Amino acid sequence: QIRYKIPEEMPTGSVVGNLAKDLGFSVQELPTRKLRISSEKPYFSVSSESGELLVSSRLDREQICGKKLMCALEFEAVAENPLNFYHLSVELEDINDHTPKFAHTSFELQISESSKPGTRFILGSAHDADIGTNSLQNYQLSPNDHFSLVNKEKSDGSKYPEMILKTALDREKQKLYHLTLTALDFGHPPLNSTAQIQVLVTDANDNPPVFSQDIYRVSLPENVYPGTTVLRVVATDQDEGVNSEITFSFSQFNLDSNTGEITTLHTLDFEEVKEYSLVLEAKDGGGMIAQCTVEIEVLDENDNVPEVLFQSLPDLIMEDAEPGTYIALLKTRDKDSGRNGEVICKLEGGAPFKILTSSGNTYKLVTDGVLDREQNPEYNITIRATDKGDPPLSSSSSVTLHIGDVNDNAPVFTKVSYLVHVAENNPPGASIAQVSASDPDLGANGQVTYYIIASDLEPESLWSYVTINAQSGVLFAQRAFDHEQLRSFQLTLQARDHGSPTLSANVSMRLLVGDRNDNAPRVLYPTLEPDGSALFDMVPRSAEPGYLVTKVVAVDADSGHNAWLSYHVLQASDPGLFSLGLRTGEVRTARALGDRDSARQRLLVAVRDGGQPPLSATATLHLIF
Amino acid sequence: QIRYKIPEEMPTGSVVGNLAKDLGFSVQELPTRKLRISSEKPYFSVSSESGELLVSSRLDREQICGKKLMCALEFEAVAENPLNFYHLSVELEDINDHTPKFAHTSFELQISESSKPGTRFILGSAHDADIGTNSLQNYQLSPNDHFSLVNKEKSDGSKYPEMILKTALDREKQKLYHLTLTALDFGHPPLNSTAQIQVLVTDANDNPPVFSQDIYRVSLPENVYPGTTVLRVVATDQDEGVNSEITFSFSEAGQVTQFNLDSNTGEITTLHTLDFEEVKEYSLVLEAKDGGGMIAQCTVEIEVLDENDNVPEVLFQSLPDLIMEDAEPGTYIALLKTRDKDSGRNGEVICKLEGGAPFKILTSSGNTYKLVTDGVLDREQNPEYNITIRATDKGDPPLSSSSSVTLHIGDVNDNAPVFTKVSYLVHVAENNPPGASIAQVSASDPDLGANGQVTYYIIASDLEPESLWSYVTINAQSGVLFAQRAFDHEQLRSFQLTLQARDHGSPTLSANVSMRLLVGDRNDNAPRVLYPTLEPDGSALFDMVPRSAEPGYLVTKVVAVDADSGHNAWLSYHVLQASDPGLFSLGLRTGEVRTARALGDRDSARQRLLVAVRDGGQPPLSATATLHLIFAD
Ligand SMILES: *[C@@H]1O[C@H](CO[C@@H]2O[C@@H](C)[C@@H](O)[C@@H](O)[C@@H]2O)[C@@H](O[C@@H]2O[C@H](CO)[C@@H](O[C@@H]3O[C@H](CO[C@H]4O[C@H](CO)[C@@H](O)[C@H](O)[C@@H]4O)[C@@H](O)[C@H](O[C@H]4O[C@H](CO)[C@@H](O)[C@H](O)[C@@H]4O)[C@@H]3O)[C@H](O)[C@H]2NC(C)=O)[C@H](O)[C@H]1NC(C)=O
Ligand SMILES: *[C@@H]1O[C@H](CO[C@@H]2O[C@@H](C)[C@@H](O)[C@@H](O)[C@@H]2O)[C@@H](O[C@@H]2O[C@H](CO)[C@@H](O)[C@H](O)[C@H]2NC(C)=O)[C@H](O)[C@H]1NC(C)=O
Ligand SMILES: *[C@@H]1O[C@H](CO)[C@@H](O[C@@H]2O[C@H](CO)[C@@H](O)[C@H](O)[C@H]2NC(C)=O)[C@H](O)[C@H]1NC(C)=O
Ligand SMILES: *[C@@H]1O[C@H](CO)[C@@H](O)[C@H](O)[C@H]1NC(C)=O
Ligand SMILES: *[C@@H]1O[C@H](CO)[C@@H](O)[C@H](O)[C@H]1NC(C)=O
Ligand SMILES: *[C@@H]1O[C@H](CO)[C@@H](O)[C@H](O)[C@H]1NC(C)=O
Ligand SMILES: *[C@H]1O[C@H](CO)[C@@H](O)[C@H](O)[C@@H]1O
Ligand SMILES: *[C@H]1O[C@H](CO)[C@@H](O)[C@H](O)[C@@H]1O
Ligand SMILES: *[C@H]1O[C@H](CO)[C@@H](O)[C@H](O)[C@@H]1O
Ligand SMILES: *[C@H]1O[C@H](CO)[C@@H](O)[C@H](O)[C@@H]1O
Ligand SMILES: [Ca+2]
Ligand SMILES: [Ca+2]
Ligand SMILES: [Ca+2]
Ligand SMILES: [Ca+2]
Ligand SMILES: [Ca+2]
Ligand SMILES: [Ca+2]
Ligand SMILES: [Ca+2]
Ligand SMILES: [Ca+2]
Ligand SMILES: [Ca+2]
Ligand SMILES: [Ca+2]
Ligand SMILES: [Ca+2]
Ligand SMILES: [Ca+2]
Ligand SMILES: [Ca+2]
Ligand SMILES: [Ca+2]
Ligand SMILES: [Ca+2]
Ligand SMILES: [Ca+2]
Ligand SMILES: [Ca+2]
Ligand SMILES: [Ca+2]
Ligand SMILES: [Ca+2]
Ligand SMILES: [Ca+2]
Ligand SMILES: [Ca+2]
Ligand SMILES: [Ca+2]
Ligand SMILES: [Ca+2]
Ligand SMILES: [Ca+2]
Ligand SMILES: [Ca+2]
Ligand SMILES: [Ca+2]
Ligand SMILES: [Ca+2]
Ligand SMILES: [Ca+2]
Ligand SMILES: [Ca+2]
Ligand SMILES: [Ca+2]
């Protein structure tokens with residue numbers, strides 16, 4: 001056989017070769033035989049006039065042989081007279097008419113952020129229809145620092161390009177990358193194909209949420225109502241998507257997980273917990289955690305009242321207390337602190353007492369002046385302690401001070417001097433008077449007693465005359481008094497209390513003896529014989545009337561009307577002859593003496609007193625001329 | 001003429017019959033004469049060689065005679081030499097080549113549900129082109145229970161089938177029926193035609209809307225805000241389409257408006273606030289109707305419940321403005337009632353007294369209470385009381401009511417006036433001016449009014465009861481004591497009085513007090529000398545005194561008295577002046593004038609002395625006296 005070589009896609013009417021020269025047929029021997037090309041598809045034709053082969057239909061190697069290495073089409077040539085056939089095999093060369101081309105103009109790839117460097121990712125190979133050197137040969141990527149190109153070629157021609165990661169990705173630096181890949185064949189000339197690849201770095205949870213500061217500081221009062229916004233902390237996560245979600249947690253208050261704010265749930269208190277320390281943990285979906293701390297310094301409010309403590313209680317104190325003695329001991333204490341715990345105390349009232357501070361929160365009560373029980377025996381004193389909060393809280397305490405009795409008052413009698421008259425011949429041991437003294441003191445100091453100390457009488461008979469009841473003050477006569485023996489007497493008495501020492505008071509009392517008509521009248525002159533007769537026989541007969549015969553003198557031991565002596569005439573031998581002085585007692589002659597009258601004259605008189613009833617003393621007078 | 005009989009639809013070139021044998025023409029006489037069939041349309045032909053009749057054009061009886069009773073086709077036959085014509089009439093038989101068939105493959109009928117039984121409905125008759133026995137003869141319908149078929153032929157010859165209703169229809173049982181109708185001819189063989197008929201029962205308004213129950217029961221509080229969904233009622237209509245639309249309405253009831261019903265949804269919700277005290281129960285009648293005026297009604301009973309929204313009330317009916325202090329224990333003071341608008345435990349009211357006042361509540365019957373004294377009362381201690389009464393119900397939460405009463409206690413004369421001191425002691429100086437205040441007594445009476453108005457009187461005295469006015473008097477209103485005379489200590493030293501304080505009540509209460517009044521002594525009386533008596537000059541003579549008298553000789557003794565008492569009457573005797581000092585001795589206490597020393601001859605016989613009687617009063621009062629004493633021999 002014979003072989004010819006032409007390129008594919010050859011235009012029609014092109015000379016493949018003269019068969020007349022290769023088969024040995026003359027230019028005139030040729031038209032005799034009707035040259036006809038025999039083939040399944042009429043790709044060729046023989047113009048009988050020219051005597052050579054010519055291209056007829058379009059010669060598409062990719063549609064006939066395709067990937068076949070050598071395309072050898074065997075057709076026939078028929079010539080008539082004589083009937084003869086010749087088989088001709090033609091081989092066509094591949095033309096680089098099909099440039100390489102990728103399946104998609106653009107396709108995006110999503111690569112994770114935590115992709116390890118050196119990982120190989122497969123890429124779709126472009127489809128180049130030509131075979132041999134005109135086939136796809138070189139894949140080349142844009143020069144950068146993050147990705148690289150690798151060709152993997154086996155002998156079978158199923159070679160493909162893949163992308164090797166050069167450095168680790170980081171979506172926070174550049175979220176996306178756009179590169180151009182070029183496929184190139186080795187033909188004349190070489191023609192290339194471009195394809196864009198866009199890599200979007202998928203987020204990974206490599207950055208944890210971070211707080212603004214390590215330590216925060218907040219101060220709030222202890223009286224905040226439940227629900228006060230204490231503090232809110234905010235964290236920042238460098239990721240995006242779910243890996244950026246931040247949740248807060250604790251690891252009397254309350255924290256919301258999403259908003260991240262901490263608010264109180266119950267009332268605070270300074271006396272139990274002064275400051276709180278809280279630890280907050282922020283976590284994302286992938287367990288990346290970070291913790292911070294917040295210190296809440298609760299402020300001390302003046303909500304507790306200061307207290308006044310009494311330590312020594314003096315129920316009884318002396319009235320003669322010197323100024324400035326330590327009476328009671330007080331302290332002031334407050335649970336709060338600072339100006340809320342500092343307490344200043346004062347006393348309210350006009351009582352003479354002062355507060356003296358010896359040291360911090362230590363005070364003493366002293367007397368400011370001299371005291372007295374009789375004027376003010378009791379005091380209700382009020383003491384006020386106030387702190388230095390704004391506004392302050394105060395505390396009052398009331399003490400009842402009682403004043404004791406000191407023996408500073410002597411018993412006093414109801415009257416300055418006493419005077420008592422007592423009738424004569426009184427029964428002994430009888431009540432004559434009663435004295436009463438008052439002592440304002442209390443207890444034994446107010447127990448009065450009366451005694452006798454001195455008297456103008458003889459000190460030995462002082463007991464025999466009078467005595468005193470020391471408890472009641474009644475005076476008792478120890479003998480029947482005699483107005484004739486003693487007329488009056490002075491006494492001095494003493495009132496004394498039962499204290500230490502005893503205070504005394506002296507009183508003066510005069511006792512008088514009233515005269516009673518207990519003595520009969522006694523005749524002094526003239527003297528009488530046992531019969532009671534006196535004889536005066538020297539009376540002149542020639543005496544003129546009015547002659548002083550004699551005079552009777554009488555006395556009475558009593559005094560006053562009880563001694564008032566009046567002289568009467570009981571009986572007489574001659575009435576009208578004698579005249580008597582009712583007051584003086586002078587017996588005289590009333591008329592002249594007649595001789596008829598008898599020589600012997602008898603008279604009987606009686607001396608009487610003005611008492612009721614009167615006592616009489618009789619006497620007889622014999623008078624002879 | 002001559003007649004032949006053949007069937008129609010005969011194929012061409014078929015022998016109908018030999019005309020040579022019926023017309024008498026020889027087989028050689030025939031080609032001489034030009035046998036030709038003469039007709040308007042060449043349905044036949046004569047083959048001269050055959051000498052017989054032959055079919056030429058198509059012989060369609062339906063296009064020639066059609067429905068004509070007898071089909072007689074009359075043509076002629078012309079023969080030439082000699083010219084002669086023969087009339088030929090042929091009669092063709094109808095072929096059963098057209099089977100009966102209805103006009104439409106499917107036709108639907110819409111029949112009402114309330115169609116009376118026995119009604120005839122028209123159906124399209126099939127058209128069979130053949131005539132006679134080959135024509136349509138039998139109409140037959142599928143055997144069922146609701147419809148029947150009947151064939152009707154009118155005088156005009158227009159035969160038709162019709163459907164007779166067997167039973168009344170019901171679209172809720174079977175909404176449609178599909179049957180098969182067969183048309184049959186009476187030929188050999190019979191060929192059939194099928195036609196399907198679908199009857200859709202048209203809806204009628206025979207089913208009313210029906211409720212679930214005749215009577216419903218709902219209970220709601222009396223304090224529901226306007227707009228509370230009271231209840232939801234639903235009705236069911238067995239029809240479909242517009243005849244199934246259900247509308248609700250209020251019908252035949254009290255038109256008073258407190259509820260509200262939506263027509264379509266049928267829910268009832270309140271429109272105003274409820275109340276139990278005015279209307280205890282409500283009755284509602286609901287009407288549900290469709291488009292055709294078919295109605296059905298139901299009833300709902302709303303039993304409103306009594307809520308504890310009314311406060312219990314404490315009614316005071318009797319007011320004890322004045323009550324006696326000596327009220328016996330357990331006396332009826334005040335009359336109270338308790339009332340509550342609510343019911344049940346919401347209307348049950350319990351009343352109590354809070355405080356420390358001595359009063360108790362005693363229940364005589366339901367909601368009937370009385371106030372009684374628990375202890376003894378006193379006006380002086382507590383004259384007025386403010387009592388508080390609390391009434392609480394048994395609802396949750398309960399409602400309470402407090403009421404304050406001001407009771408005043410009257411004064412009863414049960415206290416006698418009391419003096420400030422048990423006994424009184426007052427000293428009054430002698431020679432006091434008459435009508436002057438000497439003392440004042442005060443009595444206290446705890447009673448009020450006239451019972452607490454004290455008055456003082458004099459009742460008893462140790463003095464003469466008739467001159468008591470001349471002695472002392474009392475101001476009965478103030479209690480001051482007034483002396484009606486200048487007192488004399490010498491006449492009387494003291495006197496007793498018994499007085500009584502009495503109020504002006506009924507009866508009067510008295511109290512007696514004893515007072516001793518003492519007259520203070522003043523030194524207003526001078527001492528007077530009794531013995532010896534003195535002449536106008538104040539001289540006394542005691543002569544005839546012996547010169548040889550021993551010392552201690554009692555010259556005389558002076559007696560003197562003083563009307564006063566005490567120091568004002570204590571008489572001491574002094575020596576004012578003397579002609580010879582030391583010659584005479586006087587008793588300072590006794591008053592005895594004696595000789596102190598012996599009488600010398602140098603001394604004169606007559607001795608004069610001047611003494612004074614003094615008292616211990618302040619200042620002392622003195623009485624002077626002169627004594628002349630003469631000696632003899
Ligand atoms: C990949 O294919 C690229 C396209 O090339 C064409 O299409 C392929 C399929 C083949 O058919 C090929 O034969 C075709 O040429 C190709 O890119 C080309 O690269 C050349 C050289 O680098 C570029 O030539 C230079 O052009 C610039 C300015 O060009 C302007 O116009 C062109 C239109 O053609 C535009 O595309 C450009 O963007 C510009 O706007 C000139 O300044 C430069 O001058 C220099 O070179 C000349 C030589 O001719 C010297 O005389 C001068 O002194 C200068 O030194 C070039 O002329 C060409 O523009 C560019 N085309 C495109 C479309 O990008 C690339 O080479 C192929 N790669 C491989 C490996 O084959
Ligand atoms: C109360 O009387 C006593 C005794 O009085 C007597 O007369 C006085 C005027 C004076 O001279 C005293 O000496 C007489 O004894 C007085 O007190 C007593 O005095 C004595 C002597 O110094 C002494 O030993 C006693 O202890 C004293 N007794 C008392 C109780 O003090 C006293 O001065 C008179 N006055 C008063 C107010 O008590
Ligand atoms: C208080 O004194 C009055 C007045 O004397 C008394 O009333 C009378 O007392 C006397 C006895 O001395 C009776 O004879 C009378 O009958 C009493 N009068 C009456 C009762 O109206 C009275 O009894 C004394 N006591 C009191 C507590 O009033
Ligand atoms: C002082 O306290 C006492 C204690 O019982 C009281 O009785 C008295 O009345 C008080 N002082 C005054 C002035 O009320
Ligand atoms: C109609 O006629 C055919 C022919 O014999 C028969 O098979 C068929 O059953 C008939 N149908 C009815 C409904 O008569
Ligand atoms: C009673 O109430 C009146 C007026 O409110 C008041 O003046 C009086 O003091 C009260 N009495 C008592 C015992 O509460
Ligand atoms: C004793 O009795 C007399 C009565 O004679 C009172 O005067 C004295 O006070 C004491 O009681
Ligand atoms: C004096 O008076 C007294 C009074 O008793 C008489 O008894 C006596 O006899 C004389 O007459
Ligand atoms: C009248 O005056 C006297 C004083 O002289 C008082 O003692 C009495 O109480 C009344 O007031
Ligand atoms: C008594 O004493 C009084 C004075 O108290 C004198 O005035 C009078 O003359 C007599 O001597
Ligand atoms: Ca090609
Ligand atoms: Ca090619
Ligand atoms: Ca290529
Ligand atoms: Ca990163
Ligand atoms: Ca994260
Ligand atoms: Ca990230
Ligand atoms: Ca606190
Ligand atoms: Ca605090
Ligand atoms: Ca404090
Ligand atoms: Ca004192
Ligand atoms: Ca004292
Ligand atoms: Ca004392
Ligand atoms: Ca005597
Ligand atoms: Ca006498
Ligand atoms: Ca005497
Ligand atoms: Ca026909
Ligand atoms: Ca038929
Ligand atoms: Ca027919
Ligand atoms: Ca029905
Ligand atoms: Ca219906
Ligand atoms: Ca209906
Ligand atoms: Ca209500
Ligand atoms: Ca109620
Ligand atoms: Ca109610
Ligand atoms: Ca009373
Ligand atoms: Ca009373
Ligand atoms: Ca009274
Ligand atoms: Ca007088
Ligand atoms: Ca007097
Ligand atoms: Ca006098």
# chains A, B, ... in the order shown; residues from 1 in each chain; ligands from 1
>>> residues_near_ligand(ligand="ligand 22", cutoff="7 Å", atoms="only C-alpha atoms and all ligand atoms", output="short mmCIF file (atom, residue, chain, number, x, y, z; two decimals) with N, CA and C atoms, in the first residue's frame")
data_model
loop_
_atom_site.label_atom_id
_atom_site.label_comp_id
_atom_site.auth_asym_id
_atom_site.auth_seq_id
_atom_site.Cartn_x
_atom_site.Cartn_y
_atom_site.Cartn_z
N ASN A 407 -26.51 62.17 158.21
CA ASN A 407 -26.91 62.79 159.47
C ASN A 407 -26.41 64.23 159.51
N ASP A 408 -27.15 65.10 158.83
CA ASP A 408 -26.83 66.53 158.77
C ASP A 408 -27.95 67.40 159.33
N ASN A 409 -28.99 66.80 159.91
CA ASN A 409 -30.11 67.55 160.48
C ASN A 409 -30.33 67.11 161.92
N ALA A 410 -30.40 68.08 162.82
CA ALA A 410 -30.70 67.82 164.22
C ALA A 410 -32.20 67.86 164.46
N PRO A 411 -32.71 67.07 165.40
CA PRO A 411 -34.15 67.11 165.70
C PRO A 411 -34.56 68.48 166.22
N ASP A 439 -37.45 65.09 163.08
CA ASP A 439 -36.14 64.90 162.47
C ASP A 439 -36.35 64.53 161.02
N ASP A 441 -34.43 63.44 158.80
CA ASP A 441 -33.63 62.33 158.30
C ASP A 441 -34.44 61.03 158.30
N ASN A 445 -31.26 57.82 161.85
CA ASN A 445 -31.05 59.26 161.92
C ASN A 445 -32.35 60.03 162.12
N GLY A 446 -33.49 59.40 161.84
CA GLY A 446 -34.77 60.05 162.02
C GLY A 446 -35.52 59.52 163.23
N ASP A 497 -30.83 61.91 168.00
CA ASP A 497 -31.09 60.87 167.02
C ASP A 497 -30.15 59.69 167.24
N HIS A 498 -30.38 58.63 166.47
CA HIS A 498 -29.58 57.41 166.58
C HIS A 498 -28.59 57.28 165.42
N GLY A 499 -27.86 58.35 165.13
CA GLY A 499 -26.86 58.34 164.08
C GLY A 499 -25.45 58.26 164.62
N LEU A 503 -26.60 63.97 166.57
CA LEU A 503 -26.85 65.40 166.59
C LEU A 503 -27.95 65.69 167.61
#
>>> residues_near_ligand(ligand="ligand 6", cutoff="7 Å", atoms="only C-alpha atoms and all ligand atoms", output="compact mmCIF listing (two decimals) with C-alpha atoms, in the first residue's frame")
# COMPACT_ATOMS: atom_id res chain seq x y z
CA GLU B 384 -65.61 57.98 129.20
CA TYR B 385 -64.84 54.97 127.01
CA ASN B 386 -64.14 54.69 123.27
CA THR B 406 -68.29 57.02 122.73
>>> residues_near_ligand(ligand="ligand 15", cutoff="7 Å", atoms="only C-alpha atoms and all ligand atoms", output="short mmCIF file (atom, residue, chain, number, x, y, z; two decimals) with N, CA and C atoms, in the first residue's frame")
data_model
loop_
_atom_site.label_atom_id
_atom_site.label_comp_id
_atom_site.auth_asym_id
_atom_site.auth_seq_id
_atom_site.Cartn_x
_atom_site.Cartn_y
_atom_site.Cartn_z
N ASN A 205 -12.52 28.16 65.75
CA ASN A 205 -12.53 28.69 67.11
C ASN A 205 -11.13 28.53 67.72
N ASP A 206 -10.22 29.41 67.29
CA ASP A 206 -8.87 29.45 67.82
C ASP A 206 -8.61 30.64 68.74
N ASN A 207 -9.45 31.68 68.67
CA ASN A 207 -9.32 32.85 69.53
C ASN A 207 -10.40 32.81 70.60
N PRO A 208 -10.03 32.81 71.88
CA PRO A 208 -11.04 32.79 72.94
C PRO A 208 -11.59 34.19 73.19
N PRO A 209 -12.75 34.30 73.84
CA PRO A 209 -13.24 35.62 74.24
C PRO A 209 -12.34 36.23 75.31
N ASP A 237 -14.70 38.50 71.18
CA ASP A 237 -14.21 37.28 70.54
C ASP A 237 -13.81 37.61 69.11
N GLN A 238 -12.60 37.21 68.73
CA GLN A 238 -12.06 37.52 67.41
C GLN A 238 -12.58 36.60 66.32
N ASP A 239 -13.43 35.64 66.65
CA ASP A 239 -14.02 34.76 65.65
C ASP A 239 -15.31 35.37 65.12
N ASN A 243 -18.90 30.33 66.63
CA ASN A 243 -17.65 30.35 67.38
C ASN A 243 -17.38 31.70 68.03
N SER A 244 -18.16 32.73 67.71
CA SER A 244 -18.02 34.04 68.33
C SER A 244 -19.03 34.29 69.44
N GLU A 245 -19.98 33.38 69.65
CA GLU A 245 -20.96 33.55 70.71
C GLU A 245 -20.27 33.49 72.07
N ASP A 284 -17.15 30.26 74.88
CA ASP A 284 -17.81 30.18 73.59
C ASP A 284 -18.30 28.75 73.34
N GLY A 286 -16.88 26.34 71.48
CA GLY A 286 -15.84 25.33 71.40
C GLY A 286 -15.04 25.15 72.67
N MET A 288 -13.56 27.44 74.58
CA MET A 288 -12.48 28.39 74.81
C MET A 288 -12.92 29.37 75.89
#
>>> residues_around(residues="stretch 163-175 of chain B", least_positions_apart="5", cutoff="7 Å", atoms="only C-alpha atoms", output="PyMOL selection string")
chain B and resi 113-122+145-150+200-201+203
>>> residues_near_ligand(ligand="ligand 24", cutoff="6 Å", atoms="only C-alpha atoms and all ligand atoms", output="PyMOL selection string")
chain A and resi 517-521+556+558+562-563+609
>>> write_last_selection(atoms="N, CA, C and O atoms", output="short mmCIF file (atom, residue, chain, number, x, y, z; two decimals), in the first residue's frame")
data_model
loop_
_atom_site.label_atom_id
_atom_site.label_comp_id
_atom_site.auth_asym_id
_atom_site.auth_seq_id
_atom_site.Cartn_x
_atom_site.Cartn_y
_atom_site.Cartn_z
N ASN A 517 -56.23 75.33 197.70
CA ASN A 517 -56.65 75.74 199.04
C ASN A 517 -56.68 74.52 199.97
O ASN A 517 -57.73 74.01 200.36
N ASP A 518 -55.48 74.06 200.32
CA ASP A 518 -55.31 72.88 201.15
C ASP A 518 -54.81 73.19 202.55
O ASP A 518 -54.65 72.27 203.36
N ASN A 519 -54.57 74.46 202.88
CA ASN A 519 -54.07 74.87 204.18
C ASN A 519 -55.10 75.74 204.89
O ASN A 519 -55.63 76.68 204.30
N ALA A 520 -55.38 75.41 206.15
CA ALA A 520 -56.29 76.19 206.96
C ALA A 520 -55.59 77.44 207.48
O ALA A 520 -54.37 77.44 207.67
N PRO A 521 -56.33 78.52 207.71
CA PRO A 521 -55.70 79.75 208.22
C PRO A 521 -55.14 79.56 209.62
O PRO A 521 -55.74 78.89 210.47
N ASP A 556 -51.91 82.54 205.94
CA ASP A 556 -52.32 81.31 205.28
C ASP A 556 -51.18 80.85 204.38
O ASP A 556 -50.61 81.65 203.64
N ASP A 558 -51.19 79.14 201.76
CA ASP A 558 -51.48 79.19 200.33
C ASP A 558 -51.18 80.60 199.81
O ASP A 558 -50.56 81.42 200.49
N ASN A 562 -56.93 81.69 197.97
CA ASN A 562 -56.82 80.61 198.93
C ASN A 562 -56.18 81.07 200.23
O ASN A 562 -56.28 80.37 201.25
N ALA A 563 -55.51 82.22 200.22
CA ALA A 563 -54.92 82.83 201.40
C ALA A 563 -55.63 84.12 201.78
O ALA A 563 -55.19 84.82 202.70
N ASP A 609 -61.01 81.74 204.79
CA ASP A 609 -60.34 82.08 203.54
C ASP A 609 -61.35 82.14 202.41
O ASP A 609 -62.46 81.61 202.49
#
>>> atom_distance(atom1="atom CA of residue B:555", atom2="atom CA of residue A:545")
28.0 Å
>>> residues_near_ligand(ligand="ligand 18", cutoff="12 Å", atoms="only C-alpha atoms and all ligand atoms", output="ChimeraX atom specification")
/A:221-223,268-274,298-306,334-342,387,389,393
>>> closest_atom_pairs(of="chain A", to="chain B", cutoff="9 Å", atoms="only C-alpha atoms", output="CSV")
residue,atom,partner,partner_atom,distance
A:419,CA,B:566,CA,7.3
A:420,CA,B:566,CA,7.5
A:421,CA,B:566,CA,7.0
A:484,CA,B:590,CA,8.7
A:487,CA,B:589,CA,7.0
A:512,CA,B:566,CA,8.2
A:553,CA,B:556,CA,8.8
A:555,CA,B:557,CA,7.4
A:559,CA,B:559,CA,6.0
A:560,CA,B:559,CA,5.4
A:561,CA,B:561,CA,7.6
A:563,CA,B:559,CA,7.1
A:564,CA,B:531,CA,7.1
A:565,CA,B:531,CA,8.3
A:583,CA,B:532,CA,7.5
A:584,CA,B:532,CA,7.5
>>> write_last_selection(atoms="N, CA and C atoms", output="compact mmCIF listing (two decimals), in the first residue's frame")
# COMPACT_ATOMS: atom_id res chain seq x y z
N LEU A 419 -43.78 75.71 178.68
CA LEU A 419 -44.24 76.18 179.98
C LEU A 419 -45.46 75.38 180.37
N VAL A 420 -45.43 74.74 181.53
CA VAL A 420 -46.55 73.91 181.97
C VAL A 420 -46.82 74.14 183.45
N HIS A 421 -48.08 74.41 183.78
CA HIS A 421 -48.55 74.50 185.16
C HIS A 421 -49.24 73.20 185.54
N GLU A 484 -46.18 74.74 198.66
CA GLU A 484 -45.51 75.37 199.79
C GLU A 484 -44.01 75.06 199.78
N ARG A 487 -42.14 76.42 194.44
CA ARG A 487 -43.09 77.17 193.64
C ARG A 487 -42.98 76.85 192.15
N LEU A 512 -44.51 75.07 186.65
CA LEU A 512 -45.10 75.85 187.73
C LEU A 512 -46.06 74.98 188.53
N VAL A 553 -53.90 88.96 214.02
CA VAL A 553 -53.06 88.75 212.84
C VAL A 553 -53.12 87.27 212.48
N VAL A 555 -52.29 84.37 209.03
CA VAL A 555 -51.66 84.11 207.75
C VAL A 555 -52.16 82.78 207.22
N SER A 559 -51.62 80.89 198.59
CA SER A 559 -51.44 82.21 198.00
C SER A 559 -52.68 82.57 197.20
N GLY A 560 -52.94 83.87 197.11
CA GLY A 560 -54.10 84.36 196.39
C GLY A 560 -55.39 84.27 197.18
N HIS A 561 -56.50 83.97 196.49
CA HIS A 561 -57.78 83.85 197.17
C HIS A 561 -57.78 82.70 198.17
N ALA A 563 -55.51 82.22 200.22
CA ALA A 563 -54.92 82.83 201.40
C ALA A 563 -55.63 84.12 201.78
N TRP A 564 -56.72 84.45 201.10
CA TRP A 564 -57.49 85.67 201.32
C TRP A 564 -58.29 85.53 202.60
N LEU A 565 -57.81 86.16 203.67
CA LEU A 565 -58.37 85.98 205.00
C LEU A 565 -59.41 87.05 205.29
N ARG A 583 -61.08 93.04 206.86
CA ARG A 583 -59.83 92.83 206.16
C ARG A 583 -58.61 92.92 207.07
N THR A 584 -58.58 93.89 207.98
CA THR A 584 -57.42 94.08 208.85
C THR A 584 -57.46 93.17 210.07
>>> residues_near_ligand(ligand="ligand 20", cutoff="9 Å", atoms="only C-alpha atoms and all ligand atoms", output="list in words")
residues 319, 320, 371, 372, 373, 374, 375, 405, 406, 407, 408, 409, 440 and 441 of chain A
>>> select_by_dssp(residues="stretch 422-618 of chain B", states="strand (DSSP E)", output="MDAnalysis selection string")
chainID B and resid 423:429 437:440 443:444 454:461 472:474 480:483 494:503 510:520 528:531 539:546 554:557 559:561 571:578 584:586 592:595 606:615
>>> residues_near_ligand(ligand="ligand 31", cutoff="9 Å", atoms="only C-alpha atoms and all ligand atoms", output="ChimeraX atom specification")
/B:204-209,237-240,242-246,289-295
